[PDB]
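Presented below is the structure to which this report refers.
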Amino acid sequence: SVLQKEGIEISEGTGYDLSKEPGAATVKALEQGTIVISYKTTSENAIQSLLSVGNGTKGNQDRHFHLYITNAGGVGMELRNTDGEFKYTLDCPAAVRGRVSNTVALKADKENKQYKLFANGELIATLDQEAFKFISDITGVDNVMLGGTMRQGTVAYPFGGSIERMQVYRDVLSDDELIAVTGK
Amino acid sequence: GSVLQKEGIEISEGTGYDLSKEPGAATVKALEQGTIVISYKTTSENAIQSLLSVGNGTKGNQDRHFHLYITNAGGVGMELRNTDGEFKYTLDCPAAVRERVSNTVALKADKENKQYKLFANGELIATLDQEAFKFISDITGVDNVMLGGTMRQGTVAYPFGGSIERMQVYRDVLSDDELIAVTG
């Protein structure tokens, strides 16, 4: 992993800044890679970012990436650099249990121009875009955080609970590894 | 054969064009899968312009609809929604289309293969695979079909302006080669 955290408890609304951590610079420029997160939510917020990487400055609220969960057992991601540039999304319903640990992962595979989302030992969605993008295509990325997404200096999409384990890889893990690692 | 077809329809921005009473509309309102092919010319700067929508126009049901849309930045996309707790499937492709010019786009929703594919001007531009495949028949309380907008609580949302030159809806799932040919 280029960045890893474990056992991080987050109060709803606060987030947990990773922007100064060794490895954060690498995460802020990812051209592809893999993100694996085990978590337990205690929040009823409708959209809860587990990990985000983006531009937190004024007027750049549509320039970010996040991997998120919902209050209805959903898992998704959005990858955005304003709608005119790109708004790539995956949103999967009823993928996890709607006080229970879950493990999710996102793979972004530049060679295949594919994004794959996994939850609890299952591939739940795949996206192929003619114009592949990732974090390095977002303009002005300046922050990495757990448990929310910075939008004009405000913590948006606020998570509450535990980030049990978070790992970010520059490498693109195989579908078998991700089935295995997102299992029990 | 198409189950619903219209040609040479002008629409001023905000007006829409109701198809709800047309023979074939009932079939469109219950599609479990199918194919939509549309040639159009937009004259509107609206950011999101529905070419064709099928949904629930009643109050409180503004997140229960399907539409195939274009943007003011050369984008093409679709959203398929039955409130966020149930499903919100979005495929949004930037810079897919380009004196104003005519463009031809298509969406294929393939139940057997649990896939959605979007085409523009002779090219496959995106593919979405979802473990929980959904289509129009999964939306609750569908009561209308229209060109040039989406009914949300009795208001024309996502308003298109310009010409719907040719619009066809099929219950059949056309081949990728057919769609490359008909859109190009």
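Every chain in the structure tokens has a letter given in the order shown (A, B, ...), and although residue numbers restart at 1 in each chain, ligands are simply numbered from 1 in the order shown.
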Tell me, counting only C-alpha atoms, for each residue of region 48-147 of chain B within 9 Å of region 161-171 of chain B, which pair of atoms is nearest and how far apart they are in Å to one decimal, in rows ordered by chain and increasing number, as JSON lines.
```
{"residue": "B:49", "atom": "CA", "partner": "B:161", "partner_atom": "CA", "distance": 7.9}
{"residue": "B:51", "atom": "CA", "partner": "B:164", "partner_atom": "CA", "distance": 7.5}
{"residue": "B:52", "atom": "CA", "partner": "B:167", "partner_atom": "CA", "distance": 8.4}
{"residue": "B:102", "atom": "CA", "partner": "B:165", "partner_atom": "CA", "distance": 8.5}
{"residue": "B:104", "atom": "CA", "partner": "B:166", "partner_atom": "CA", "distance": 8.9}
{"residue": "B:147", "atom": "CA", "partner": "B:164", "partner_atom": "CA", "distance": 7.8}
```
Please return, as a PDB file with C-alpha atoms, in the first residue's frame, all residues of chain A lying within 9 Å of chain B when only C-alpha atoms are considered.
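And here's part-v2.pdb as it stands now:
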```
ATOM      1  CA  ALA A  46     -27.672   9.329   3.526  1.00  0.00           C
ATOM      2  CA  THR A  70     -25.371   5.051   2.254  1.00  0.00           C
ATOM      3  CA  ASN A  71     -27.809   4.706   5.154  1.00  0.00           C
ATOM      4  CA  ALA A  72     -29.660   2.041   3.109  1.00  0.00           C
ATOM      5  CA  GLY A  73     -26.896  -0.531   2.678  1.00  0.00           C
ATOM      6  CA  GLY A  74     -25.572   1.089  -0.509  1.00  0.00           C
ATOM      7  CA  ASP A  83     -19.707  18.012 -14.913  1.00  0.00           C
ATOM      8  CA  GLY A  84     -18.352  19.487 -18.161  1.00  0.00           C
ATOM      9  CA  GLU A  85     -15.155  17.466 -17.646  1.00  0.00           C
ATOM     10  CA  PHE A  86     -16.312  14.267 -16.007  1.00  0.00           C
ATOM     11  CA  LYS A  87     -18.821  12.858 -13.522  1.00  0.00           C
ATOM     12  CA  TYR A  88     -18.209   9.125 -13.280  1.00  0.00           C
ATOM     13  CA  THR A  89     -20.302   7.329 -10.756  1.00  0.00           C
ATOM     14  CA  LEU A  90     -21.187   3.927  -9.418  1.00  0.00           C
ATOM     15  CA  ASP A  91     -23.958   3.527  -6.948  1.00  0.00           C
ATOM     16  CA  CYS A  92     -25.038   0.061  -5.848  1.00  0.00           C
ATOM     17  CA  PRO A  93     -28.071  -0.637  -3.656  1.00  0.00           C
ATOM     18  CA  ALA A  94     -28.461  -3.223  -0.921  1.00  0.00           C
ATOM     19  CA  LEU A 123     -18.225  -7.894  -7.568  1.00  0.00           C
ATOM     20  CA  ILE A 124     -21.240  -5.560  -7.512  1.00  0.00           C
ATOM     21  CA  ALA A 125     -20.646  -3.250 -10.492  1.00  0.00           C
ATOM     22  CA  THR A 126     -18.282  -2.533 -13.367  1.00  0.00           C
ATOM     23  CA  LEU A 127     -17.981   0.703 -15.340  1.00  0.00           C
ATOM     24  CA  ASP A 128     -16.122   1.106 -18.657  1.00  0.00           C
ATOM     25  CA  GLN A 129     -15.689   4.648 -19.979  1.00  0.00           C
ATOM     26  CA  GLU A 130     -14.202   5.491 -23.406  1.00  0.00           C
ATOM     27  CA  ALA A 131     -12.329   8.381 -21.730  1.00  0.00           C
TER      28      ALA A 131
END
```
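Among the candidate residues B:82, B:144, B:183, B:150, the one lying nearest to residue 22 (chain B) is B:144, with distances computed using only C-alpha atoms.
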> Residues at most 9 Å from region 35-45 of chain A, counting only C-alpha atoms, excluding those fewer than 5 positions away in the same chain, as a VMD selection string?
Replying inline: chain A and resid 12 50 to 51 67 69 to 72 99 to 108 157 to 170 178 181 to 182
>> When you look at residue 133 (chain A) with a cut-off of 8 Å (counting only C-alpha atoms), what residues show up, excluding the ones that are within fewer than 3 positions of it in the same chain? I need them as a ChimeraX atom specification.
In response: /A:31,110,136-137
>> Among region 12-103 of chain A, which ones does DSSP assign to strand (DSSP E) (computed from the backbone)? Answer as a ChimeraX atom specification.
In response: /A:16-17,33-41,47-54,63-70,75-81,87-92,102-103
> Which polymer residues have any atom within 8 Å of an atom of residue 155 (chain A), counting only C-alpha atoms, with same-chain residues fewer than 4 positions away left out, as a PyMOL selection string?
Replying inline: chain A and resi 13-15+148-151
> In Å to one decimal, how far is CA of residue 111 (chain A) from CA of residue 80 (chain A)?
Replying inline: 19.9 Å
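Among B:108, B:8, B:32, B:55, the residue with the shortest atom-to-atom distance to residue 173 (chain B), counting only C-alpha atoms, is B:108.
Proximity of A:79, A:140, A:179, A:156 to residue 117 (chain A), computed with only C-alpha atoms, is greatest for A:179.
Put simply, CA of residue 173 (chain A) is 28.3 Å away from CA of residue 82 (chain A).
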> Within 9 Å of residue 16 (chain B), counting only C-alpha atoms, which residues qualify if same-chain residues fewer than 3 places away don't, as a ChimeraX atom specification?
Replying inline: /B:11-13,146-150,156,159-161
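Reported to one decimal place, the separation of CA of residue 144 (chain A) from CA of residue 49 (chain A) is 11.4 Å.
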> Among region 18-180 of chain A, which residues carry a DSSP assignment of helix (DSSP H, G or I), reported as a list in words?
Replying inline: residues 24, 25, 26, 27, 135, 136, 137, 175, 176, 177, 178, 179 and 180 of chain A
Restricting it to N, CA, C and O atoms, dump the selection as a PDB file, in the first residue's frame.
```pdb
ATOM      1  N   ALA A  24       0.327  10.498   1.241  1.00  0.00           N
ATOM      2  CA  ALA A  24      -0.790  11.337   0.767  1.00  0.00           C
ATOM      3  C   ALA A  24      -0.522  11.990  -0.579  1.00  0.00           C
ATOM      4  O   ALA A  24      -1.393  12.009  -1.428  1.00  0.00           O
ATOM      5  N   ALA A  25       0.702  12.454  -0.822  1.00  0.00           N
ATOM      6  CA  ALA A  25       1.032  13.093  -2.107  1.00  0.00           C
ATOM      7  C   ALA A  25       0.830  12.135  -3.248  1.00  0.00           C
ATOM      8  O   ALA A  25       0.251  12.471  -4.280  1.00  0.00           O
ATOM      9  N   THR A  26       1.264  10.892  -3.037  1.00  0.00           N
ATOM     10  CA  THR A  26       1.070   9.838  -4.015  1.00  0.00           C
ATOM     11  C   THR A  26      -0.410   9.572  -4.295  1.00  0.00           C
ATOM     12  O   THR A  26      -0.845   9.458  -5.468  1.00  0.00           O
ATOM     13  N   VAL A  27      -1.190   9.472  -3.224  1.00  0.00           N
ATOM     14  CA  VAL A  27      -2.643   9.276  -3.362  1.00  0.00           C
ATOM     15  C   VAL A  27      -3.324  10.437  -4.129  1.00  0.00           C
ATOM     16  O   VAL A  27      -4.207  10.191  -4.976  1.00  0.00           O
ATOM     17  N   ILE A 135      -7.748  10.086 -10.324  1.00  0.00           N
ATOM     18  CA  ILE A 135      -7.496  11.183  -9.437  1.00  0.00           C
ATOM     19  C   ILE A 135      -6.553  12.219 -10.062  1.00  0.00           C
ATOM     20  O   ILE A 135      -6.770  13.435  -9.907  1.00  0.00           O
ATOM     21  N   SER A 136      -5.549  11.748 -10.801  1.00  0.00           N
ATOM     22  CA  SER A 136      -4.591  12.651 -11.446  1.00  0.00           C
ATOM     23  C   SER A 136      -5.202  13.570 -12.509  1.00  0.00           C
ATOM     24  O   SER A 136      -4.585  14.563 -12.878  1.00  0.00           O
ATOM     25  N   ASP A 137      -6.407  13.255 -12.981  1.00  0.00           N
ATOM     26  CA  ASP A 137      -7.142  14.125 -13.896  1.00  0.00           C
ATOM     27  C   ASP A 137      -7.982  15.224 -13.235  1.00  0.00           C
ATOM     28  O   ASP A 137      -8.442  16.145 -13.900  1.00  0.00           O
ATOM     29  N   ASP A 175      -9.156  -9.315  -9.602  1.00  0.00           N
ATOM     30  CA  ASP A 175     -10.540  -9.471  -9.147  1.00  0.00           C
ATOM     31  C   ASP A 175     -10.580 -10.559  -8.084  1.00  0.00           C
ATOM     32  O   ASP A 175     -11.261 -10.385  -7.086  1.00  0.00           O
ATOM     33  N   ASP A 176      -9.802 -11.640  -8.254  1.00  0.00           N
ATOM     34  CA  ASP A 176      -9.711 -12.660  -7.214  1.00  0.00           C
ATOM     35  C   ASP A 176      -9.203 -12.142  -5.901  1.00  0.00           C
ATOM     36  O   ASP A 176      -9.776 -12.519  -4.876  1.00  0.00           O
ATOM     37  N   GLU A 177      -8.137 -11.308  -5.896  1.00  0.00           N
ATOM     38  CA  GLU A 177      -7.666 -10.749  -4.630  1.00  0.00           C
ATOM     39  C   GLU A 177      -8.736  -9.958  -3.988  1.00  0.00           C
ATOM     40  O   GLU A 177      -8.861 -10.047  -2.798  1.00  0.00           O
ATOM     41  N   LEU A 178      -9.470  -9.147  -4.769  1.00  0.00           N
ATOM     42  CA  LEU A 178     -10.480  -8.264  -4.192  1.00  0.00           C
ATOM     43  C   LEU A 178     -11.709  -9.010  -3.678  1.00  0.00           C
ATOM     44  O   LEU A 178     -12.246  -8.657  -2.645  1.00  0.00           O
ATOM     45  N   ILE A 179     -12.095 -10.079  -4.356  1.00  0.00           N
ATOM     46  CA  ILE A 179     -13.098 -11.013  -3.813  1.00  0.00           C
ATOM     47  C   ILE A 179     -12.621 -11.573  -2.467  1.00  0.00           C
ATOM     48  O   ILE A 179     -13.377 -11.602  -1.507  1.00  0.00           O
ATOM     49  N   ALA A 180     -11.356 -11.970  -2.394  1.00  0.00           N
ATOM     50  CA  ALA A 180     -10.803 -12.567  -1.175  1.00  0.00           C
ATOM     51  C   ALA A 180     -10.690 -11.547  -0.065  1.00  0.00           C
ATOM     52  O   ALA A 180     -11.231 -11.763   1.021  1.00  0.00           O
TER      53      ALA A 180
END
```
